[PDB]
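Below: one protein chain in two forms, given as structure tokens, structure 1 then structure 2.
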Structure 1
């Protein structure tokens, strides 16, 4: 197929995020858009990404086409992108993936196609007691702040439509409040819930800061946390994180 992205800089950070969880990804180009799906070795995090055709400046996909690529080699190329570079994604005759960056000069990188694993789909239409929406930049900064507290676990607690994120410390703990009242939340729904998730997994998604404008937070007691990082044109990058013991 042939696909083109104008804001390659932002587009790259999606894969720089993925690289925190997986090593090999399977670009599933469908008529509806690019589907990317993966799971970290610990089976703690499940990722579901939809990048609609409308997101791309040029989307030419005749028949569904899957392309497996080593994420490290892919991101290494994507890291060489400027703020003015455009990006092309294409597959030649040998079914290889061709990444073409074009800005100051035109350059093309080619990667050999590899075997792509099949990712079984956990219950996506799952129901969450608590649902919220917030600015990605806001949520991210709050997470990067929780990380510096010095903990391995982060507690998500919803009470009266308000979300409290807390992480333990040598002395005690620190809790950051998010809600419609303090501007942390854009909207809040559902009842109350409390769970503890791995901090590293939550933090590792912060790289979605640039590509995503708003994020939707959903979870429950002893049920997976879902962070949906909204992308332009109806796109989204979903991260499911299993609760703690």
Structure 2
């Protein structure tokens, strides 16, 4: 297949985020778009990404084609993209992935193909008691601030339509209120809910800042936290984080 990305700068951060969770990813190019799916070693976080054909300026995939690649090497070349760089992904028939950065000068990196595991969907059906939408920038900022605060877990608590993130340290905690009132949230749905999640897993999604415009936060007692970082052209990056990751 052959695909072309214009804003390759933001595009690269999608994969820099994934580095925090997994070592190898499986780029699954389908007729509908680029599907990426992985799960961290602790199995605490399940990642479901969909980058529709419309997201790209050019999308040419005749039949489905899966190509796995060591994320570190792939991200090492993605970090070298500029603001005015266009990106090209392709397969050299040898199944090897081709990354072509086109800007001041043209350059092509190639990575060997590796065995790619199939990731089974962890949750058959999930009903979220509470659901909130917010600016990815506003949300990630708070997430980075929570990382600075530190802690083993982050309590997500919904009350009266407002979201309360409590960075749970040891014997103490620091809470931040998000709401339509203080501009923290754009909107709210459902009723009250509360559960705890691993701090590192939530924080490590902060590098979705650039690529994602808005982020949807959904959670509930004893059920996974679903962070959906919305992407242009109806795309998304879902992060399911397991409950009680104290």
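Only residues modelled in both forms are compared. Rigid core here is just the name for the largest C-alpha set that superposes within 1.5 Å across the two forms. Residue numbers count along the first chain shown, from 1.
The residue among 108, 169, 82, 175 whose Cα moves by 2 angstroms or more between structure 1 and structure 2, once the core is superposed, is 169. The rigid core superposition between structure 1 and structure 2 gives a CA shift for residue 125 of 4.4 Å. Summarising the core-aligned comparison between structure 1 and structure 2, the C-alpha atom of residue 93 is found to shift 1.6 Å. Comparison between structure 1 and structure 2 places the CA of residue 150 2.2 angstrom away from its other position, after core fitting.
When the two forms are overlaid on the core, consecutive residue runs of 3+ whose CA positions all differ by 2 Å or more between structure 1 and structure 2 map to 123-125, 168-173.
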